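K.L.:
Next up is a structure, given as C-alpha cells.
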Amino acid sequence: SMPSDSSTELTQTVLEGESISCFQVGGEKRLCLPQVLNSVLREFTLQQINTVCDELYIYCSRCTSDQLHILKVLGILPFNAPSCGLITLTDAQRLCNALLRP
C-alpha cells in the first residue's frame, strides 16, 4: 500500500536519536508534538520554542479524534490527554536545527 492510503497507521521515525511516533497526513509524516517538546527539545523553554516556531513559520496542527485515540491504545499518550499536536518531520528537523545548532 501507499503511505497516503491511511492517516491512522502509527509509524515511528528517528529525530535527534529519538524514536518519535508519526501519522501520514496530507502527504507528509507528522510527529507527535508532545514527544518532540517534552523529550527531544526539553532543554529549551516553551517560550523560546514558540518564538522559534513563529520565526521559522512552523505550521502546527491538531490530531483527529481517531489519531488521538490510537496514540493512547498504542501506549504513546496518557488516556486523559484531551488533544495532541502534530508537527511535520520537515518542520521538526528545521526547528531542531534552529535550537540545537544555531
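In the C-alpha cells, each chain is lettered A, B, ... as it comes, each chain's residues begin at 1, and ligands are numbered from 1 in order of appearance.
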Just want the 9 Å neighbourhood of residue 62 of chain A, counted on only C-alpha atoms, with same-chain residues fewer than 6 positions away dropped. Output as JSON, numbers by chain.
P.N.:
{"A": [83, 84, 85, 86, 87]}
K.L.:
Put those residues in a file: N, CA and C atoms, as a compact mmCIF listing (two decimals), in the first residue's frame.
P.N.:
# COMPACT_ATOMS: atom_id res chain seq x y z
N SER A 83 -6.08 16.44 23.85
CA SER A 83 -5.68 16.68 22.47
C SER A 83 -4.21 16.39 22.26
N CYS A 84 -3.77 16.45 21.01
CA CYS A 84 -2.36 16.25 20.69
C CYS A 84 -2.00 17.00 19.41
N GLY A 85 -0.94 17.79 19.49
CA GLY A 85 -0.43 18.50 18.32
C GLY A 85 0.38 17.58 17.43
N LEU A 86 0.47 17.92 16.15
CA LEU A 86 1.34 17.24 15.21
C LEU A 86 2.23 18.26 14.51
N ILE A 87 3.49 17.87 14.30
CA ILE A 87 4.47 18.68 13.58
C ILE A 87 5.02 17.84 12.43
K.L.:
Mind listing the strand (DSSP E) residues of chain A, per DSSP on the backbone, as a PyMOL selection string?
P.N.:
chain A and resi 11-15+18-25+28-32+61-62+85-88
K.L.:
Those same residues, written as a PDB file, in the first residue's frame with C-alpha atoms?
P.N.:
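Output file part_12.pdb is given in full below:
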ATOM      1  CA  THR A  11       4.640   4.611  12.430  1.00  0.00           C
ATOM      2  CA  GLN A  12       7.939   5.571  14.043  1.00  0.00           C
ATOM      3  CA  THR A  13      10.762   7.780  12.751  1.00  0.00           C
ATOM      4  CA  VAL A  14      14.084   8.983  14.185  1.00  0.00           C
ATOM      5  CA  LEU A  15      14.616  12.598  15.318  1.00  0.00           C
ATOM      6  CA  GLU A  18      14.842   9.637  19.414  1.00  0.00           C
ATOM      7  CA  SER A  19      12.177   7.320  18.011  1.00  0.00           C
ATOM      8  CA  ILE A  20       9.074   9.546  17.585  1.00  0.00           C
ATOM      9  CA  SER A  21       5.605   8.202  16.677  1.00  0.00           C
ATOM     10  CA  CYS A  22       4.001   9.522  13.447  1.00  0.00           C
ATOM     11  CA  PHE A  23       0.943   9.542  11.158  1.00  0.00           C
ATOM     12  CA  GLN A  24       0.900  10.312   7.424  1.00  0.00           C
ATOM     13  CA  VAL A  25      -1.354  13.369   6.959  1.00  0.00           C
ATOM     14  CA  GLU A  28       3.793  14.274   4.963  1.00  0.00           C
ATOM     15  CA  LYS A  29       4.992  12.399   8.045  1.00  0.00           C
ATOM     16  CA  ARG A  30       3.678  14.274  11.079  1.00  0.00           C
ATOM     17  CA  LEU A  31       5.245  13.697  14.503  1.00  0.00           C
ATOM     18  CA  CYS A  32       3.590  13.513  17.933  1.00  0.00           C
ATOM     19  CA  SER A  61      -1.936  21.295  13.792  1.00  0.00           C
ATOM     20  CA  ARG A  62      -4.096  19.058  15.998  1.00  0.00           C
ATOM     21  CA  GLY A  85      -0.433  18.498  18.318  1.00  0.00           C
ATOM     22  CA  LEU A  86       1.339  17.240  15.206  1.00  0.00           C
ATOM     23  CA  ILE A  87       4.467  18.680  13.576  1.00  0.00           C
ATOM     24  CA  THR A  88       5.734  17.689  10.109  1.00  0.00           C
TER      25      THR A  88
END
K.L.:
Identify, with DSSP run on backbone atoms, the residues in segment 15-89 of chain A assigned to alpha helix (DSSP H), and express the list as a ChimeraX atom specification.
P.N.:
/A:33-35,46-56,65-73,89
K.L.:
Calculate how many Å separate atom CA of residue 91 of chain A from atom CA of residue 39 of chain A, rounding to one decimal.
P.N.:
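Atom CA of residue 39 of chain A lies at a distance of 16.4 Å from atom CA of residue 91 of chain A.
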K.L.:
What is the atom CA of residue 8 of chain A-atom CA of residue 67 of chain A distance in Å, reported with one decimal?
P.N.:
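For atom CA of residue 8 of chain A relative to atom CA of residue 67 of chain A, the distance reads 6.0 Å.
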K.L.:
Using only C-alpha atoms, can you tell me which of A:50, A:58, A:64, A:77 comes closest to residue 89 of chain A?
P.N.:
A:58
K.L.:
Would you work out the distance separating atom CA of residue 41 of chain A from atom CA of residue 100 of chain A, expressed in Å to one decimal?
P.N.:
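For atom CA of residue 41 of chain A relative to atom CA of residue 100 of chain A, the distance reads 8.4 Å.
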K.L.:
Using only C-alpha atoms for the distances, tell me which of A:55, A:16, A:43, A:9 is nearest to residue 98 of chain A.
P.N.:
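The answer is A:55, which sits nearest to residue 98 of chain A.
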K.L.:
Let me make sure I understand: among A:53, A:60, A:81, A:76, which one has the smallest atom-to-atom distance to residue 94 of chain A if we use only C-alpha atoms?
P.N.:
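With only C-alpha atoms as the atom set, the closest residue is A:53.
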